[PDB]
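When you read off a place in the sequence shown, starting at 1, and then add 1, the result is the number in PDB author numbering.
Structure first, commentary second.
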Amino acid sequence: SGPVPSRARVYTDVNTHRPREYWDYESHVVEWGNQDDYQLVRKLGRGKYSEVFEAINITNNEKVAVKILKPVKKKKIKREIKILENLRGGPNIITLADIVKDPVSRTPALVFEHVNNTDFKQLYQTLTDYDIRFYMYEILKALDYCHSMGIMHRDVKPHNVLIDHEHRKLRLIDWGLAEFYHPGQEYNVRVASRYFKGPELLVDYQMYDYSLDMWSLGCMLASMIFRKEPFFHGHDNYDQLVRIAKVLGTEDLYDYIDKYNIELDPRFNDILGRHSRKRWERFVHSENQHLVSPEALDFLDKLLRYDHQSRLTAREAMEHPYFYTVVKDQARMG
Ligand SMILES: Nc1ncnc2c1ncn2[C@@H]1O[C@H](COP(=O)(O)OP(=O)(O)NP(=O)(O)O)[C@@H](O)[C@H]1O
Ligand SMILES: [Cl-]
Ligand SMILES: [Cl-]
Ligand SMILES: [Cl-]
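And the structure:
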């Protein structure tokens, strides 16, 4: 009589229907490239698990990007490599062009297509309402694609979305926490960034699915339309669920837990208490009111729901009328 099972509403068996080797990434054998074929130009930044550099492919002088992984188990390296290989060709996902080793460290050096080192998080200040819709749809293409190829990103956040605003091109990056979805598998909840974690991770519900990403995307949307960064600003893991409950109310939270018979720390129950559902209009101010339309609020509602199985899928999100006009975009660069 543990917690109740769950299987994804969409793309449930896509990995099942594929050959083993599609998803059995521990078995993958990396083909190494020519390390003397890429020379680093300059440092573009970093992350908790990589150094990213602009570089050049010398055999044709083409511009690339090179992510040098810090040390770390080969299990994950093969997982990120296989995923990136599987997704190559998909809309708006970063293209893996080679893997080589760092000359001195001998660690893997992932060659990608070059983008601008400019992300969605940098552009929060300036985006018109049309542009928020537009880029949101571009991210959805990536999620729908990855989810349909059996893959959960599990780290959707503005830092992980590169935008070339000049060319109106977005790529979803940082697949290092991505995993393959298998109905009935339990996944670690130490995925994603505090502010973008679904209530499932926050209550240790491990039989989660692609719909985690859809919560994270809702959280990104909310910060952008309300100009509050982040939107749910939890100071620790438990406080993250308390902040969500202060907006979305506790009655549905407690209905979600008893839906899936999840075991919550009694003492943490006491901390949550009872919070009434705030109407999404509470966070409208003069400074953000031009970003907030009824279709925006309806879309967010359908994303920010405690029950992972209730949230819009990427495809259903793509059909939502928040994207009615922007799908007709006439592709003006300037
Ligand atoms: N293909 C790329 N083109 C340009 N910049 C990139 C590219 N990939 C990553 N970066 C840059 O790296 C900096 C930090 O990105 P980061 O999230 O570290 O990417 P990552 O290479 O996936 N690293 P990690 O988080 O360790 O996996 C940002 O300024 C990004 O612009
Ligand atoms: Cl971020
Ligand atoms: Cl995992
Ligand atoms: Cl989906």
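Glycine is no exception: its CB is placed at the ideal position from the N, C-alpha and C atoms.
Counted as a single uninterrupted DSSP element, the alpha helix (DSSP H) harbouring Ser-217 occupies residues 212-227. Take the alpha-carbon of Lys-68 and the one of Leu-304: they are about 32 angstroms apart. With 5 angstroms as the limit between CB and the heavy atoms of ligand 4, the residues that fall short of it are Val-11, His-148, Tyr-211, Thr-314, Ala-315. With 6 angstroms as the limit between CB and the heavy atoms of ligand 3, the residues that fall short of it are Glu-180, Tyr-188, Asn-189. Closest option to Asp-132, judged by alpha-carbon separation, among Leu-173, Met-225, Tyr-209: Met-225.
In the DSSP assignment, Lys-75 falls within the unbroken alpha helix (DSSP H) covering 75-88.
Setting aside the 5 residues that flank it on each side, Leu-85 is surrounded in the same chain by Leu-97, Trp-176, each with a C-beta closer than 7 angstroms to its C-beta; the list follows chain order. The beta-bridge partner set that DSSP reports for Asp-120 consists of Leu-163. Note that the segment 226-236 does not touch the segment 270-278; fewer than 3 beta-carbon pairs, one per stretch, sit closer than 8 angstroms. Counting every other CB atom within 10 Å of its CB across the protein chains shown gives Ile-272 a total below 16, marking it as exposed. Comparing C-alpha distances from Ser-287 to each of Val-248, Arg-228, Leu-301 shows the shortest one belongs to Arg-228. With the rule of 3 Cβ pairs closer than 8 angstroms, the segment 186-196 does not count as touching the segment 113-128.
Every alpha helix (DSSP H) of 4 residues or more that sits fully in the segment 232-269 is shown, in chain order, as 238-249, 252-260. Nearest neighbour of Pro-104 by Cα position, chosen from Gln-207, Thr-251, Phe-324, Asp-38, turns out to be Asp-38.
Note that the C-beta distance between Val-112 and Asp-99 is below 8 angstroms. If you check the C-beta of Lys-198 against ligand 2, you find no heavy atom less than 7 angstroms away.
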